[PDB]
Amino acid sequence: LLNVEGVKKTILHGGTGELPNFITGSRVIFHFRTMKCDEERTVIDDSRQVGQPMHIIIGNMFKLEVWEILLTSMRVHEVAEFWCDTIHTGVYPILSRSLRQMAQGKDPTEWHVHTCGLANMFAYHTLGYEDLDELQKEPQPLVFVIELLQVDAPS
């Protein structure tokens, strides 16, 4: 349990070592599973299920991003549970959308994924998957279980 408003952490398998060097331009590599707080703890996304782990890069260590707040409180090999209130979870459907597109093998830089993705959202009022659409329309909290695997410094 660290502290920002509307976020409750619960470490559940501690990491091997002191807090790592989370500096601007570090690639953080990890696994995550995100779940509703219904009875099922219904799973919405799970990197293990898709197979490959997720890599992000620290935009700026002083202007930290809401996921980077979670990632940056983690020692390597740590597995932690981050509950997050409705306030932080509004953007999740659009992240999830963006990641699911990543998986298939396509990036905003590439015109279409982006532009075609905008066409479809405007034309049809959809992110492209019902669960994210359901999730958008019923804002709520989410629990993200995360395993930190690796942290590299920039080239």
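The first residue of the sequence shown is number 1, and the count goes up from there.
Averaged over C-alpha atoms, is the B-factor higher for 30 to 38 or for 98 to 106 in this PDB entry?
Taking the mean C-alpha B-factor of 30 to 38 and of 98 to 106, the larger value falls to 98 to 106.
Which of the two stretches, 107 to 115 or 84 to 92, shows the higher mean Cα temperature factor in the record?
It is 107 to 115.
Where the record places residue 125 (Cα B-factor, split into thirds across the chain):
Tercile = middle for this residue's CA B-factor.
Relative to the other modelled residues in the chain, which third contains the C-alpha temperature factor of residue 142: lowest, middle or highest?
Ranked within chain, residue 142 CA B lands in the middle tercile.
Would you please rank residue 60 by its C-alpha temperature factor against the other modelled residues of its chain and give the third it falls in: lowest, middle or highest?
Within its chain, residue 60 is a middle-third residue by C-alpha B-factor, going by the deposited values.
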